[PDB]
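This document opens with one chain alone, in structure tokens, the form deposited in one PDB entry.
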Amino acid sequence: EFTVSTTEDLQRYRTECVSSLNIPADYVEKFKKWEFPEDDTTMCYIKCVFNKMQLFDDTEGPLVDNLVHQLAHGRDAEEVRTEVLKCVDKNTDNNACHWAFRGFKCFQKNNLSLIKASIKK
């Protein structure tokens, strides 16, 4: 049961993660603008959202198949997969928040986005 997350899913997951992690209001407003400071509050927020999107498991780490489904946005699955796998590492400091964010950073660096406009004809 993997389905891709939309904008609406992300807004929901954001609300859930904000409240469950008691995110201060300064951060909330940044996260609504998709602005992510590299600090521990943000790293657990990102883990939390990825968990809910089924992109990240705290034990297994980044979930490649689901990430490929989410991040392809119509692109060649095989090519998106090889890029994703370059972003996948091990839980070196045993901190799943740090682990999720590291993946996030690599994705953004490689221009893989969770959400992308879709044109349909």
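Take the two forms, superpose them, and find the largest set of C-alpha atoms that agree within 1.5 Å; that set is the rigid core. Numbers for residues come from their place in the sequence shown, where the first is 1.
We do not show the form deposited in another entry, though everything after this point is about it.
If you fit the rigid core between this form and the one not shown, you'll see the Cα of residue 33 move by 2 angstroms or more. Once the cores line up, the CA of residue 97 ends up less than 2 angstroms apart between this form and the one not shown. After superposing the rigid core, the C-alpha of residue 17 moves by less than 2 Å between this form and the one not shown.
A change of 3 Å or more separates the two forms for residue 116 and residue 101: their C-alpha atoms lie closer together in the other entry. In the other entry, the Cα positions of residue 83 and residue 114 lie at least 3 Å nearer to each other than in the form displayed.
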